[PDB]
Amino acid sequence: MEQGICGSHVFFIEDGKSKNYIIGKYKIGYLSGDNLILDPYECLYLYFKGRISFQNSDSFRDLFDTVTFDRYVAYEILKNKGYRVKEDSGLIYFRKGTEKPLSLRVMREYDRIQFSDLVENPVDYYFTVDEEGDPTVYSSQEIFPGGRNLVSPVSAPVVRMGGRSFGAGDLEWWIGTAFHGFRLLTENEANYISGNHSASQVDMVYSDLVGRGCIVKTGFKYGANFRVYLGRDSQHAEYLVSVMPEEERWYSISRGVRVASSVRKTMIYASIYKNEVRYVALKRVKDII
């Protein structure tokens, strides 16, 4: 058989195929002194196709161990779709045709991530595959919420009794919920009306949502800070916002996306970046499969 080398592993091409045949059909590898040269991904990819075999029996697992299952699958999937993939510095690049090479980053639940990674994102997508072999691709986009409600500045006193906060019965129609002439308020509502918009980061973002015409209600039931209504007659909040801790793990972000998705909502992650409240929407992609 003809052969090649991956890193430092020798492989033979099966069924008497030519090296140019492999290059022609799978579009990977280049010739070099009678040896077909492939990177780990390409190597594992061809092996799984039953097209190559390794001289050394321990070469398969070594490649897989070094190349990871998570990254390998991201590669395999892309290839088995049509794109041409090329890895470099933790990222995977792929172009559907002779066009723009989209960027992709495999994320693991234990992986750490800051809001800044979502803003200065030279990465177009995020890939994930769960403990069941189920892959998922998310896209990152900044949103700029555009509420439609008629907003007014609200400045009022907050009464604290029974372990909860209250406002007057004639506050902006949507703030808090009516209670015997009073207005039961959430902590964020209490901080917002009493003009304490900087009590924290959630209070600043809370204030910003309202400042831009959004009806903001608690999202604590869903694991997020609040659920946002872009309209007064929008029976269901179209957004779920969660204020992002300077640092956290990827599963919290992946989970927020599923939670939001199970109730037809968009998972939004907000923060104070470079002295401003900015929002980033994470949504699963269905056109990359």
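Numbers follow the displayed sequence, beginning with 1.
Mean CA B-factor, 264-272 versus 5-13: the higher value falls on 5-13. A summary of the deposited B-factors shows that, of 253-261 and 228-236, the stretch with the larger mean C-alpha value is 228-236.
The entry assigns its greatest Cα B factor, within the set 204, 85, 107, 150, to 85. When the Cα B-factors of 65, 42, 34, 70 are read from the PDB record, 34 comes out highest.
Sorting the modelled residues of the chain by their CA temperature factor places residue 28 in the highest third. Among the modelled residues of the chain, residue 218 sits in the lowest third by CA temperature factor in this PDB entry. Residue 94: CA B factor lies in the highest third for its chain, per the PDB record.
When the modelled residues of the chain are ordered by C-alpha B-factor, residue 118 sits in the highest third. Annotation for residue 48: CA B-factor lies in the lowest third of the chain's modelled residues.
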